[PDB]
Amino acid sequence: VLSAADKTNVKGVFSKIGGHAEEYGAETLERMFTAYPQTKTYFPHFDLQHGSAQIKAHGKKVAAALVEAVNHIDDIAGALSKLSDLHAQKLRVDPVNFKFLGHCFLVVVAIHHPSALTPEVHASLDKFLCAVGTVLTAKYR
């Protein structure tokens, strides 16, 4: 799973992001809706055009959860158990969408911090995003 080494890489790239976390959370959501249109289906109540005060408001929330799962990377399952019911039970989000969001988040940190997303770090970050994805779809298996 998340090796002591992996945990180090994740925390590292999350410290170079720090303040921008929020901005990055909104950019990731915008790319998702643009590159993977089918995801707009889950946000019928949002103003999905670039800029929307909602997409930004939500992007903050998403980023915040990530930053918070990073501080509990030793127990991501418990630091997000609340979001599991919302995603798996109420919303019934198809598991594939999680791969999409994760891929867009990488594309983001790669645009803003290329020299930080070294192949070794990429490998770690991808394991970390998969964990989150798993925990949020946990009420499935």
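For every residue, the number given is its place in the sequence shown, counted from 1.
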* To do: Between 21-29 and 5-13, name whichever shows the higher mean Cα B factor according to the PDB entry.
  => 5-13
* Asked: In the PDB record, does 37-45 or 60-68 carry the higher mean Cα temperature factor?
  -> 60-68
* Asked: Between 99, 82, 87, 113, where does the Cα B-factor run highest in the record?
  -> 82
* 55, 108, 73, 91, ranked by C-alpha B-factor: the highest one -> 73
* Name the third of the chain's ranked CA B-factors that contains residue 117, choosing lowest, middle or highest. => middle
* **Third of the chain, ranked by Cα B-factor, where residue 131 sits** => highest
